[PDB]
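Have a look at start33.cif; it's mmCIF, C-alpha atoms and all ligand atoms:
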```cif
data_final
#
loop_
_atom_site.label_atom_id
_atom_site.label_comp_id
_atom_site.auth_asym_id
_atom_site.auth_seq_id
_atom_site.Cartn_x
_atom_site.Cartn_y
_atom_site.Cartn_z
CA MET A 1 28.50 2.43 66.86
CA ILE A 2 27.11 -1.08 67.42
CA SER A 3 27.68 -3.00 70.66
CA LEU A 4 26.60 -6.48 71.72
CA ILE A 5 25.72 -7.31 75.33
CA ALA A 6 25.38 -10.89 76.57
CA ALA A 7 25.74 -13.12 79.62
CA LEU A 8 27.67 -16.34 78.97
CA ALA A 9 27.89 -19.49 81.05
CA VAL A 10 30.66 -22.03 80.48
CA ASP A 11 31.30 -23.05 76.85
CA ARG A 12 29.45 -19.85 75.86
CA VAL A 13 26.00 -21.22 76.69
CA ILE A 14 23.50 -18.37 76.52
CA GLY A 15 20.19 -20.20 76.78
CA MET A 16 18.05 -23.34 76.91
CA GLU A 17 14.44 -23.85 75.71
CA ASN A 18 14.12 -19.96 75.83
CA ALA A 19 14.79 -19.57 79.54
CA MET A 20 16.31 -17.76 82.51
CA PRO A 21 18.08 -20.83 83.97
CA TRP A 22 19.87 -18.48 86.39
CA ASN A 23 18.37 -15.74 88.59
CA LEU A 24 21.51 -13.54 88.97
CA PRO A 25 20.16 -10.01 89.59
CA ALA A 26 23.49 -8.14 89.75
CA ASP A 27 23.92 -8.95 86.05
CA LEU A 28 20.43 -7.65 85.34
CA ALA A 29 21.34 -4.33 86.96
CA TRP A 30 24.46 -4.22 84.77
CA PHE A 31 22.35 -4.96 81.69
CA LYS A 32 19.96 -2.13 82.51
CA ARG A 33 22.74 0.33 83.42
CA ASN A 34 24.27 -0.32 80.00
CA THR A 35 21.14 -0.39 77.81
CA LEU A 36 19.14 2.45 79.40
CA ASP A 37 18.13 5.22 76.98
CA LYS A 38 19.59 3.34 73.98
CA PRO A 39 17.97 1.39 71.15
CA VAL A 40 18.00 -2.38 71.68
CA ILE A 41 17.80 -4.85 68.78
CA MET A 42 16.65 -8.41 69.43
CA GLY A 43 15.45 -11.41 67.48
CA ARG A 44 11.87 -12.61 67.72
CA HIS A 45 12.65 -15.59 69.95
CA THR A 46 14.39 -13.36 72.48
CA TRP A 47 11.39 -11.02 72.30
CA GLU A 48 9.04 -13.88 73.15
CA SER A 49 11.25 -15.01 76.05
CA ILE A 50 11.63 -11.55 77.61
CA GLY A 51 7.82 -11.55 77.71
CA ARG A 52 7.27 -7.79 77.48
CA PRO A 53 8.80 -4.52 76.28
CA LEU A 54 11.88 -3.16 78.01
CA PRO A 55 10.83 0.35 79.08
CA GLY A 56 13.01 3.38 78.56
CA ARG A 57 14.59 1.92 75.42
CA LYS A 58 13.59 1.77 71.77
CA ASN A 59 12.78 -1.92 71.25
CA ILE A 60 13.46 -3.14 67.71
CA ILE A 61 12.48 -6.73 66.84
CA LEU A 62 13.84 -8.64 63.86
CA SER A 63 11.35 -10.98 62.23
CA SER A 64 10.68 -12.15 58.70
CA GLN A 65 7.00 -11.47 59.59
CA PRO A 66 5.05 -8.24 60.07
CA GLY A 67 4.31 -6.92 63.53
CA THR A 68 2.32 -8.71 66.23
CA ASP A 69 2.61 -5.88 68.81
CA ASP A 70 2.59 -2.14 68.05
CA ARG A 71 4.35 -1.22 71.30
CA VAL A 72 7.68 -2.10 69.67
CA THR A 73 9.25 -1.54 66.23
CA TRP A 74 9.36 -4.45 63.75
CA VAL A 75 12.05 -4.79 61.07
CA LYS A 76 12.78 -7.53 58.57
CA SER A 77 16.53 -7.23 57.93
CA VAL A 78 19.79 -6.14 59.54
CA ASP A 79 20.06 -3.04 57.36
CA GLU A 80 16.54 -1.99 58.39
CA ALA A 81 17.20 -2.64 62.09
CA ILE A 82 20.21 -0.30 62.13
CA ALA A 83 18.29 2.31 60.13
CA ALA A 84 15.32 2.19 62.51
CA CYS A 85 17.61 3.19 65.40
CA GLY A 86 18.18 6.56 63.76
CA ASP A 87 21.36 8.48 64.48
CA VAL A 88 22.37 7.68 68.06
CA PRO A 89 25.65 7.22 69.97
CA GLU A 90 25.40 3.46 70.51
CA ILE A 91 23.17 0.65 69.20
CA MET A 92 22.80 -2.26 71.67
CA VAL A 93 22.28 -5.74 70.23
CA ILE A 94 20.77 -7.95 72.94
CA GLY A 95 20.56 -11.34 71.18
CA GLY A 96 19.88 -14.07 70.79
CA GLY A 97 22.32 -16.48 69.21
CA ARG A 98 21.14 -16.02 65.62
CA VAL A 99 21.14 -12.24 65.96
CA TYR A 100 24.50 -12.14 67.76
CA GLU A 101 25.98 -14.15 64.88
CA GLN A 102 24.96 -11.52 62.32
CA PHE A 103 25.94 -8.36 64.19
CA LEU A 104 29.38 -9.54 65.39
CA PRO A 105 31.10 -8.37 62.15
CA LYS A 106 29.38 -5.00 62.55
CA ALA A 107 30.37 -4.82 66.21
CA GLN A 108 32.84 -2.41 67.76
CA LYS A 109 32.29 -3.20 71.44
CA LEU A 110 31.34 -6.26 73.52
CA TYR A 111 29.74 -6.12 76.97
CA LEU A 112 30.17 -9.67 78.27
CA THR A 113 29.31 -11.20 81.62
CA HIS A 114 31.08 -14.48 82.30
CA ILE A 115 29.09 -16.59 84.79
CA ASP A 116 30.63 -19.58 86.70
CA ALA A 117 27.87 -22.01 85.89
CA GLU A 118 27.25 -25.06 83.70
CA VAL A 119 23.72 -25.42 82.26
CA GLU A 120 23.46 -27.98 79.39
CA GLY A 121 21.94 -25.45 76.99
CA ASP A 122 20.96 -25.25 73.33
CA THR A 123 22.13 -21.78 72.19
CA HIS A 124 25.68 -20.38 72.12
CA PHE A 125 27.30 -16.98 71.78
CA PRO A 126 29.51 -16.47 68.69
CA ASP A 127 32.98 -17.95 68.72
CA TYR A 128 34.70 -14.77 67.64
CA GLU A 129 38.42 -14.78 67.55
CA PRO A 130 39.43 -12.64 70.52
CA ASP A 131 42.67 -11.69 68.72
CA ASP A 132 40.53 -8.97 67.11
CA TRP A 133 39.39 -7.76 70.56
CA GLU A 134 41.07 -6.00 73.47
CA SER A 135 39.78 -6.18 77.03
CA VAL A 136 39.45 -2.65 78.43
CA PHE A 137 37.67 -3.42 81.73
CA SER A 138 37.26 -6.53 83.88
CA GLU A 139 35.36 -6.47 87.19
CA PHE A 140 35.13 -9.77 89.12
CA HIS A 141 32.57 -10.64 91.81
CA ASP A 142 32.29 -13.71 93.99
CA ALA A 143 28.97 -15.24 94.96
CA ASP A 144 26.79 -13.52 97.57
CA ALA A 145 23.48 -14.30 99.28
CA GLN A 146 21.94 -12.59 96.26
CA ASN A 147 23.87 -14.01 93.30
CA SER A 148 24.66 -17.71 93.62
CA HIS A 149 27.59 -17.79 91.16
CA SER A 150 30.76 -15.83 90.66
CA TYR A 151 30.78 -13.61 87.58
CA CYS A 152 33.17 -11.32 85.70
CA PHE A 153 31.99 -8.25 83.82
CA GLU A 154 34.11 -7.56 80.76
CA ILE A 155 34.11 -4.85 78.12
CA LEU A 156 35.97 -5.66 74.89
CA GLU A 157 36.63 -3.20 72.10
CA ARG A 158 37.71 -4.09 68.57
CA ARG A 159 41.36 -3.26 68.03
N1 LIG B 1 22.31 -15.09 77.99
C1 LIG B 1 22.05 -13.96 77.17
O1 LIG B 1 22.66 -12.95 77.28
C2 LIG B 1 20.95 -14.06 76.14
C3 LIG B 1 20.59 -12.95 75.40
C4 LIG B 1 19.60 -13.03 74.49
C5 LIG B 1 18.93 -14.24 74.28
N2 LIG B 1 19.30 -15.35 75.04
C6 LIG B 1 18.67 -16.64 74.84
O2 LIG B 1 18.85 -16.95 73.29
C7 LIG B 1 17.93 -17.85 72.98
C8 LIG B 1 17.19 -17.38 71.72
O3 LIG B 1 18.16 -17.21 70.74
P1 LIG B 1 17.84 -17.73 69.27
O4 LIG B 1 19.18 -17.81 68.51
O5 LIG B 1 17.07 -19.01 69.32
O6 LIG B 1 16.81 -16.63 68.56
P2 LIG B 1 16.94 -15.04 68.31
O7 LIG B 1 18.23 -14.71 67.71
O8 LIG B 1 16.58 -14.31 69.54
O9 LIG B 1 15.73 -14.88 67.28
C9 LIG B 1 15.80 -15.57 66.01
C10 LIG B 1 14.64 -14.99 65.20
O10 LIG B 1 14.90 -13.71 64.96
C11 LIG B 1 14.45 -13.41 63.45
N3 LIG B 1 15.63 -13.04 62.77
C12 LIG B 1 16.95 -13.23 63.05
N4 LIG B 1 17.70 -12.66 62.07
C13 LIG B 1 16.82 -12.10 61.18
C14 LIG B 1 17.03 -11.40 60.02
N5 LIG B 1 18.22 -11.04 59.39
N6 LIG B 1 15.98 -10.94 59.31
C15 LIG B 1 14.72 -11.18 59.76
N7 LIG B 1 14.49 -11.88 60.91
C16 LIG B 1 15.55 -12.33 61.62
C17 LIG B 1 13.83 -14.51 63.02
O11 LIG B 1 12.41 -14.42 63.39
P3 LIG B 1 11.28 -15.21 62.60
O12 LIG B 1 11.50 -16.72 62.82
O13 LIG B 1 9.97 -14.73 63.14
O14 LIG B 1 11.47 -14.84 61.16
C18 LIG B 1 14.50 -15.66 63.82
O15 LIG B 1 13.75 -16.80 63.88
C19 LIG B 1 16.98 -17.96 74.20
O16 LIG B 1 17.25 -19.12 74.91
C20 LIG B 1 17.37 -16.71 75.01
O17 LIG B 1 16.97 -16.96 76.44
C21 LIG B 1 20.31 -15.26 75.94
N1 LIG B 2 24.59 -9.17 80.67
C1 LIG B 2 23.35 -9.47 80.23
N2 LIG B 2 22.40 -9.76 81.14
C2 LIG B 2 21.13 -10.05 80.79
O1 LIG B 2 20.29 -10.29 81.67
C3 LIG B 2 20.83 -10.08 79.33
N3 LIG B 2 19.60 -10.36 78.85
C4 LIG B 2 19.40 -10.35 77.52
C5 LIG B 2 18.01 -10.65 76.99
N4 LIG B 2 17.11 -11.13 78.03
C6 LIG B 2 16.56 -10.32 78.96
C7 LIG B 2 15.72 -10.87 79.92
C8 LIG B 2 15.15 -10.04 80.88
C9 LIG B 2 15.42 -8.68 80.87
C10 LIG B 2 14.83 -7.78 81.90
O2 LIG B 2 13.88 -8.15 82.57
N5 LIG B 2 15.39 -6.58 82.03
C11 LIG B 2 15.04 -5.67 83.09
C12 LIG B 2 15.67 -6.10 84.42
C13 LIG B 2 14.64 -6.20 85.54
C14 LIG B 2 14.64 -4.93 86.37
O3 LIG B 2 14.40 -3.84 85.81
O4 LIG B 2 14.90 -5.02 87.58
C15 LIG B 2 15.48 -4.29 82.68
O5 LIG B 2 14.68 -3.34 82.85
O6 LIG B 2 16.61 -4.15 82.16
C16 LIG B 2 16.27 -8.13 79.92
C17 LIG B 2 16.84 -8.96 78.96
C18 LIG B 2 20.45 -10.03 76.66
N6 LIG B 2 21.68 -9.75 77.09
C19 LIG B 2 21.93 -9.76 78.41
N7 LIG B 2 23.13 -9.46 78.91
#
```
Same coordinates, now as structure tokens:
Amino acid sequence: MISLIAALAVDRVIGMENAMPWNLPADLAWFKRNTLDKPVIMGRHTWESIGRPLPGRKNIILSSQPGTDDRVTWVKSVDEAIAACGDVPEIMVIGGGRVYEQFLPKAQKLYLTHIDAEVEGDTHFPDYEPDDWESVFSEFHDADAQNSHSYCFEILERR
């Protein structure tokens, strides 16, 4: 199956100028717990903002262009990206906005982190209609001396 994972601020802001405007490490641990030993598909701008490969995962980059780094796999369409994952239990789509938009219809599960922050951004997660989605898990955390916002983890599965 295909799953999307994303961290959303208020009004579904997911980014600004390609950046990590928030250093919330509990959500990073959640991201790694849920993408470890799976293929991860990302768009080229998200690849350039991560800065490096994510180790322990098959990194597949969508770009209309050929490869600029042979440490990762390059694909030039959605059909090719899914094919390049091979037969697996779960394909993780890790953004960004343009890529989330395209894989939402082909998505059976959402891993969403909702962060209590406002950050005047320039990229937004898809405005699905949640009627098509059921929440199957919601785990809320208040701020700590390590994460300076409250956040909810949510898993949503297509009904
Ligand atoms: N908060 C989160 O969870 C989260 C997660 C991921 C990313 N982000 C943020 O999202 C922002 C970047 O998102 P973005 O929407 O600008 O870019 P993106 O989706 O990461 O990448 C867009 C690029 O991917 C390629 N691409 C997309 N669809 C393609 C297709 N069907 N076929 C071939 N190539 C395709 C294209 O590369 P070419 O132009 O080379 O052709 C396109 O320009 C950043 O700010 C990032 O920090 C946030
Ligand atoms: N919930 C969620 N959190 C995120 O941080 C996230 N990030 C992306 C894409 N951006 C990034 C940026 C950095 C790293 C990263 O450095 N990952 C490391 C964590 C650092 C560590 O190992 O301690 C990793 O190995 O997973 C991953 C994805 C997409 N969806 C997400 N979804």
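Here atom CA of residue A:30 stands at a distance of 18.9 Å from atom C19 of ligand LIG 1 (chain B).
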Legend entry - Residue contacts of residue A:144 (12 Å, only C-alpha atoms) excluding same-chain residues fewer than 6 positions away, as a VMD selection string: chain A and resid 24 to 26 150 to 151
Inset, instruction - Take the point (22.7, -19.7, 77.6) as written in the file and pick out every residue within 12 Å of it, counting all atoms listed in the file; give the list as an NGL selection string. - result: :A and (6-22 or 46 or 95-97 or 113-115 or 117-126)
Legend entry - Contact residues around residue A:76 with all atoms listed in the file at 9 Å, ignoring same-chain residues under 6 positions, as an NGL selection string: :A and (61-66)
Residues of the last selection are to be written out with C-alpha atoms, as an mmCIF file, in the frame of the given file.
```cif
data_model
loop_
_atom_site.group_PDB
_atom_site.id
_atom_site.type_symbol
_atom_site.label_atom_id
_atom_site.label_comp_id
_atom_site.auth_asym_id
_atom_site.auth_seq_id
_atom_site.Cartn_x
_atom_site.Cartn_y
_atom_site.Cartn_z
ATOM 1 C CA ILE A 61 12.480 -6.730 66.840
ATOM 2 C CA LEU A 62 13.840 -8.640 63.860
ATOM 3 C CA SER A 63 11.350 -10.980 62.230
ATOM 4 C CA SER A 64 10.680 -12.150 58.700
ATOM 5 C CA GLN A 65 7.000 -11.470 59.590
ATOM 6 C CA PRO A 66 5.050 -8.240 60.070
#
```
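Here atom CA of residue A:47 and atom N4 of ligand LIG 2 (chain B) stand 8.1 Å from one another.
For the atom pair formed by atom CA of residue A:132 and atom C6 of ligand LIG 2 (chain B), the distance is 26.8 Å, given to one decimal.
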Legend entry - Counting only C-alpha atoms and all ligand atoms, the residue of A:102, A:3, A:35, A:23 that sits nearest ligand LIG 1 (chain B): A:102
Inset, instruction - Could you check which of A:77, A:127, A:116, A:31 is closest to residue A:101, using all atoms listed in the file? - result: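 Of the candidates, the smallest distance to residue A:101 is held by A:127.
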Inset, instruction - Identify which of the residues A:138, A:103, A:112, A:82 lies closest to ligand LIG 2 (chain B), counting only C-alpha atoms and all ligand atoms when measuring atom-to-atom distances. - result: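 Looking only at the distances to ligand LIG 2 (chain B), the closest residue turns out to be A:112.
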Inset, instruction - Select, from A:70, A:78, A:53, A:111, the residue with the minimum atom-to-atom distance to residue A:98, counting all atoms listed in the file. - result: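 For residue A:98, the nearest of the given residues is A:78.
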Legend entry - Among listed residues A:136, A:157, A:60, A:109, nearest residue A:74 (using all atoms listed in the file): A:60
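Of the residues under consideration (A:5, A:57, A:27, A:129), A:27 shows the shortest atom-to-atom contact distance to residue A:146 when counting all atoms listed in the file.
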Legend entry - residue A:4 environment, 6 Å, only C-alpha atoms, sequence neighbours closer than 3 positions dropped, as a PyMOL selection string: chain A and resi 92-93+110
Legend entry - Residue contacts of residue A:130 (9 Å, all atoms listed in the file) excluding same-chain residues fewer than 4 positions away, as a ChimeraX atom specification: /A:134,156,158
Can you report as lines of an AutoDock Vina configuration file the centre and edge lengths in Å, to one decimal, of an axis-aligned box around the listed atoms of ligand LIG 2 (chain B) padded with 8 Å on each side?
```
center_x = 19.2
center_y = -7.2
center_z = 82.1
size_x = 26.7
size_y = 23.8
size_z = 26.9
```
Legend entry - residue A:2 surroundings by all atoms listed in the file, 7 Å radius, close-in-sequence under 5 positions cut, as a PyMOL selection string: chain A and resi 90-92+106-109
